[PDB]
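**Student:** In order, the protein sequences belong to chains 1 and h. End of the first sequence = 438 in the authors' numbering, gap-free, step of one. End of the second sequence = 55 in the authors' numbering, gap-free, step of one. The structure under discussion is supplied below as structure tokens; questions concerning it will follow.
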Amino acid sequence: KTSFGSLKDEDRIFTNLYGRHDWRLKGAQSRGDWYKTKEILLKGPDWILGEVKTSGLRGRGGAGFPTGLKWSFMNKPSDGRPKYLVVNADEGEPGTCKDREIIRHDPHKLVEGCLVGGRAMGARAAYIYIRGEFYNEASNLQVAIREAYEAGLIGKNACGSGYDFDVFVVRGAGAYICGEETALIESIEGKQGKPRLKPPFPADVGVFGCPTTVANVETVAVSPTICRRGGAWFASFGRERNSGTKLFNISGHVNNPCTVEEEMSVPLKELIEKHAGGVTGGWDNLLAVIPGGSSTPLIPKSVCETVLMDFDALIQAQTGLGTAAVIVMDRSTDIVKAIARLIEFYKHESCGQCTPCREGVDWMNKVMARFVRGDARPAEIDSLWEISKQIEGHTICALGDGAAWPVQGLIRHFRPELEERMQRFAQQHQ
Amino acid sequence: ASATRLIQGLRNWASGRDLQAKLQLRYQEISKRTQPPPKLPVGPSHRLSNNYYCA
Ligand SMILES: NC(=O)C1=CN([C@@H]2O[C@H](COP(=O)(O)OP(=O)(O)OC[C@H]3O[C@@H](n4cnc5c(N)ncnc54)[C@H](O)[C@@H]3O)[C@@H](O)[C@H]2O)C=CC1
Ligand SMILES: Cc1cc2nc3c(=O)[nH]c(=O)nc-3n(C[C@H](O)[C@H](O)[C@H](O)COP(=O)(O)O)c2cc1C
Ligand code: SF4
């Protein structure tokens, strides 16, 4: 297959994405959830890990690490400590609102994903670290978890399989850094959401010091559908090493901002013009697209014409796939103001632990606040570039990377607009 | 400079040189004791980029 997109409704994993059907247990079982879950649990951890490895599922959180290879890090005998699946439901990325839709509208799909994934990794329980701002979504998920306990689907003898498995929901308290997996682990442990240094990876030392896999809501909730439909079904979509379906959040300057499930390697132009109603003012009104939420560098209209929305084609477009959160910016956008607001986000959402982010993200925000007004000189552009390169790769977690990358994308694609901003400041203020 | 031309001529004859063209006493030709303020340049390492000290 060479062309991708135009995903059929029979191949959707997240049916009832839009809240048009019953999210509760009767509606979930009438859509295929909790079907033959006992037969999945009784085929063992190795079969489930083989299905997830065969499916080509990569991490839907945004880095795209191979999910079966990641979950097989727990496939090892116990050493006295319990094992834990932890579901990352924080979702603090600007642009990204898909895990809210999974929790709010398909909650039993997430609970069955917790059960299947925790059986695959031998986990004792699931801690769903949900964002504290998602209060109605958290109570929604708790009603579904009560329905799953009262039906015997989780808990003591989950689905009649002889495997005991709890599902806990921990609410956040307003920190974007608490979606980073080790900072999330520290937030569950009752501390400041500061990321741990890796190694130890959480499969060695995770939550409470136990073996732990932190996995996104989307990569957890697709796993029962992967175990039922088969890994060869899920690997039949998208390009190679880019398998499956993906939730896309097209927001910003489109006619119809929406969340939509779509095949993996869909063109960005096809996605925007088909599901979002196109850019406001036509496709010729397009200035830039942040392809995968705030941490990915922007790409201009010349790149957006032919680019595919998977991991590898956006890496070749020197950006990232990320959370697949498409932020569309038309020609009327002050793009320096938008990227500087994004850097303002990253200094308000920075836990202050390590020196390059704690100091340099604030210093990049001050430089970007002067670049919006033009109150600068062009030698400070490359300077800012070097400042971003002194944050990238030198920090504890990738929030420093995710703050350096929008600066780098803005400089790389819009240096002349920065320069004409500064020179018109210089000619009307001197 | 205030010497009369008779003493100036006697002096130039005795030295054998034109002494008024090159006087060893200084007069208004020297620099002013109050100068305008300088604006001194900076060296090559005063740059905002490509200026790592290990290079
Ligand atoms: N979904 C969201 O709301 C957000 C997502 N992101 C995304 O997060 C990504 C960066 O996240 P990170 O987890 O910090 O980076 P990533 O490099 O480390 O790692 C992703 C996952 O792979 C595992 N992993 C990677 N290398 C491993 C190894 N050698 N051994 C064992 N496990 C390994 C990590 O434990 C982690 O769970 C970015 O691509 C960004 O797009 C960023 C912000 C918000
Ligand atoms: C600053 C920062 C914030 C993150 N926030 C989230 C998040 O809110 N939700 C999420 O699923 N992953 C988030 N991630 C990515 C996680 O670290 C981790 O890769 C992911 O949650 C679990 O891996 P997975 O993609 O295989 O599911 C964040 C990463 C960083 C650096
Ligand atoms: S880079 Fe920023 S977000 Fe990460 S540990 Fe350091 S201060 Fe925290």
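For every residue, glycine included, the Cβ atom is placed at its ideal position computed from N, Cα and C.
1. What's the gap between the Cα of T10 (chain 1) and the Cα of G246 (chain 1)?
2. How many angstroms separate the CA atom of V177 (chain 1) from the CA atom of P115 (chain 1)?
3. If you check the beta carbons only, do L192 (chain 1) and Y137 (chain 1) fall under 7 angstroms apart?
4. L48 (chain h) versus chain 1: which residues are under 8 angstroms apart at the beta carbon?
5. So, helix, strand or coil for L23 (chain h), using DSSP?
6. By how many angstroms is the C-alpha of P424 (chain 1) removed from the C-alpha of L294 (chain 1)?
7. Tell me, to the nearest whole angstrom, how far the beta carbon of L418 (chain 1) is from that of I343 (chain 1); I am working on the premise that it is less than 8 angstroms.
8. Using only CA atoms, which one of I48 (chain 1), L15 (chain 1) and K117 (chain 1) lies nearest to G35 (chain 1)?
9. Can you tell me whether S38 (chain 1) is helix, strand or coil according to DSSP?
10. Are the Cβ atoms of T45 (chain 1) and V60 (chain 1) separated by less than 7 angstroms?
11. Check whether the Cβ of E400 (chain 1) lies closer than 7 angstroms to any Cβ atom in chain h.
12. Find the nearest neighbour of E248 (chain 1) within the set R339 (chain 1), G64 (chain 1) and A152 (chain 1), judged by alpha-carbon distance.
13. Identify, in the order they occur along the chain, each residue of the same chain with its Cβ nearer than 8 angstroms to the Cβ of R420 (chain 1), setting aside the five sequence neighbours on each side.
14. Could you give the distance in angstroms between the alpha-carbon of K345 (chain 1) and the alpha-carbon of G285 (chain 1)?
15. For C186 (chain 1), which residues of its own chain have a beta-carbon under 6 angstroms away from its beta-carbon, when the five flanking residues on both sides are left out?
16. Tell me, which residues are paired with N224 (chain 1) by DSSP?
17. Measuring straight from C-alpha to C-alpha, what distance separates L123 (chain 1) and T267 (chain 1)?
18. Given that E394 (chain 1) touches chain h, what residues does it touch there, using C-beta distances under 7 angstroms?
19. Ignore the nearest five residues each way along the sequence and tell me which others in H356 (chain 1)'s own chain have a CB closer than 6 angstroms to its CB.
20. When you compare only the Cα positions, how much space is there between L50 (chain 1) and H283 (chain 1)?
21. Check whether the Cβ atoms of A321 (chain 1) and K254 (chain 1) lie closer than 7 angstroms to each other.
22. Starting from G163 (chain 1), follow its DSSP beta bridges and name the residues at the other end.
23. Give the straight-line distance between the Cα atoms of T403 (chain 1) and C365 (chain 1), rounded to the nearest whole angstrom.
24. Please name the residue or residues paired with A133 (chain 1) in a DSSP beta bridge.
25. Spell out the partners DSSP gives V268 (chain 1) in its beta bridges.
26. Which whole-angstrom value is the C-beta distance of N96 (chain 1) and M129 (chain 1), which I expect to be below 8 angstroms?
27. Residues in its own chain within less than 6 angstroms of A406 (chain 1) by CB, not counting five upstream and five downstream?
28. Using 6 angstroms as the cut-off, classify the Cβ of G401 (chain 1) as near or not near the heavy atoms of ligand 3, replying yes or no.
29. Is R366 (chain 1) near ligand 3, judged by its Cβ being under 6 angstroms from some heavy atom?
30. Where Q24 (chain h) and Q8 (chain h) are concerned, what is the direct C-alpha to C-alpha distance, given to the nearest angstrom?
31. Buried or exposed: where does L77 (chain 1) fall if 16 or more other Cβ atoms within 10 Å of its Cβ makes it buried?
32. Only counting the same chain, and skipping five residues up and downstream in sequence, which positions put a Cβ closer than 7 angstroms to that of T288 (chain 1)?
**Tutor:** Judging by the given coordinates:
1. On the first sequence, position 2 is the one that residue 10 (chain 1) refers to. On the first sequence, position 238 is the one that residue 246 (chain 1) refers to. The alpha-carbon atoms of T10 (chain 1) and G246 (chain 1) are separated by roughly 9 angstroms.
2. Counting from one through the first sequence, the residue named residue 177 (chain 1) turns up at place 169. Counting from one through the first sequence, the residue named residue 115 (chain 1) turns up at place 107. Going from the Cα of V177 (chain 1) to the Cα of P115 (chain 1) covers about 12 angstroms.
3. Taking the first sequence and counting its residues from 1, one reaches residue 192 (chain 1) at position 184. Taking the first sequence and counting its residues from 1, one reaches residue 137 (chain 1) at position 129. In contact: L192 (chain 1) and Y137 (chain 1) (Cβ atoms closer than 7 angstroms).
4. Looking up residue 48 (chain h) in the second sequence gives position 48. In chain order: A387, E388, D390 and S391.
5. Taking the second sequence and counting its residues from 1, the one referred to as residue 23 (chain h) is at position 23. Three-state DSSP puts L23 (chain h) in coil, outside helix and strand.
6. Numbered from 1 along the first sequence, position 286 holds the residue referred to as residue 294 (chain 1). Numbered from 1 along the first sequence, position 416 holds the residue referred to as residue 424 (chain 1). Approximately 18 angstroms between the Cα atoms of the pair.
7. In the first sequence, counting from the first residue as 1, residue 418 (chain 1) sits at position 410. In the first sequence, counting from the first residue as 1, residue 343 (chain 1) sits at position 335. 7 angstroms between Cβ atoms; contact.
8. By one-based count along the first sequence, residue 35 (chain 1) stands at place 27. It is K117 (chain 1) whose Cα lies nearest to the Cα of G35 (chain 1).
9. To locate residue 38 (chain 1), count along the first sequence from 1; it is residue 30. DSSP places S38 (chain 1) in coil when its eight states are reduced to three.
10. Numbered from 1 along the first sequence, position 37 holds the residue referred to as residue 45 (chain 1). Numbered from 1 along the first sequence, position 52 holds the residue referred to as residue 60 (chain 1). It is not a contact, given that the beta carbons lie outside the stated cut-off.
11. Here residue 400 (chain 1) is taken as the residue at index 392 of the first sequence, counted from 1. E400 (chain 1) does not count as touching chain h.
12. Within the first sequence, the letter at position 240 stands for residue 248 (chain 1). Comparing Cα-Cα distances from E248 (chain 1) to each of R339 (chain 1), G64 (chain 1) and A152 (chain 1), the minimum goes to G64 (chain 1).
13. The residue you call residue 420 (chain 1) lines up with position 412 of the first sequence. So the list reads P305 and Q326, once near-sequence residues are dropped.
14. Mapped onto the first sequence, residue 345 (chain 1) falls at position 337. Mapped onto the first sequence, residue 285 (chain 1) falls at position 277. Their backbone Cα atoms lie some 25 angstroms apart in a straight line.
15. Numbered from its first residue, the first sequence carries residue 186 (chain 1) at position 178. Hits under 6 angstroms: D98, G180, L192, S195 and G201.
16. The residue you call residue 224 (chain 1) lines up with position 216 of the first sequence. Paired residue(s): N96 (chain 1).
17. Counting from one through the first sequence, the residue named residue 123 (chain 1) turns up at place 115. Counting from one through the first sequence, the residue named residue 267 (chain 1) turns up at place 259. Computed Cα separation, rounded: 26 angstroms.
18. Mapped onto the first sequence, residue 394 (chain 1) falls at position 386. The answer, in chain order, is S49.
19. Locating residue 356 (chain 1) in the first sequence gives position 348, counting from the first residue. Within the same chain, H356 (chain 1) has no close Cβ partners at all.
20. To locate residue 50 (chain 1), count along the first sequence from 1; it is residue 42. To locate residue 283 (chain 1), count along the first sequence from 1; it is residue 275. Roughly 40 angstroms separates the two Cα atoms.
21. Within the first sequence, residue 321 (chain 1) is the residue found at index 313, counting from 1. Within the first sequence, residue 254 (chain 1) is the residue found at index 246, counting from 1. Contact flag unset, no.
22. Position 155 of the first sequence, counting from 1, holds the residue named residue 163 (chain 1). Answer is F173 (chain 1).
23. As a first step, residue 403 (chain 1) is located in the first sequence; it is residue number 395 there, counting from the start. As a first step, residue 365 (chain 1) is located in the first sequence; it is residue number 357 there, counting from the start. Spanning the two alpha carbons is a distance of roughly 7 angstroms.
24. Taking the first sequence and counting its residues from 1, one reaches residue 133 (chain 1) at position 125. The partner list for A133 (chain 1) (beta bridge, DSSP) reads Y92 (chain 1) and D174 (chain 1).
25. Within the first sequence, the letter at position 260 stands for residue 268 (chain 1). Answer is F256 (chain 1).
26. On the first sequence, residue 96 (chain 1) is found 88 positions in, with the first residue counted as 1. On the first sequence, residue 129 (chain 1) is found 121 positions in, with the first residue counted as 1. 15 angstroms between Cβ atoms; not a contact.
27. Stepping through the first sequence from its first residue, residue 406 (chain 1) is reached at position 398. So no residue of the chain qualifies.
28. Within the first sequence, the letter at position 393 stands for residue 401 (chain 1). No.
29. Stepping through the first sequence from its first residue, residue 366 (chain 1) is reached at position 358. Checking every heavy atom of ligand 3 against the Cβ of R366 (chain 1), one is found closer than 6 angstroms.
30. Taking the second sequence and counting its residues from 1, one reaches residue 24 (chain h) at position 24. Taking the second sequence and counting its residues from 1, one reaches residue 8 (chain h) at position 8. If you take the alpha carbons of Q24 (chain h) and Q8 (chain h), they lie about 14 angstroms apart.
31. The residue given as residue 77 (chain 1) occupies position 69 in the first sequence. Burial call: exposed.
32. As a working mapping, residue 288 (chain 1) is identified with position 280 in the first sequence. So the list reads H261, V262, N263 and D338, once near-sequence residues are dropped.
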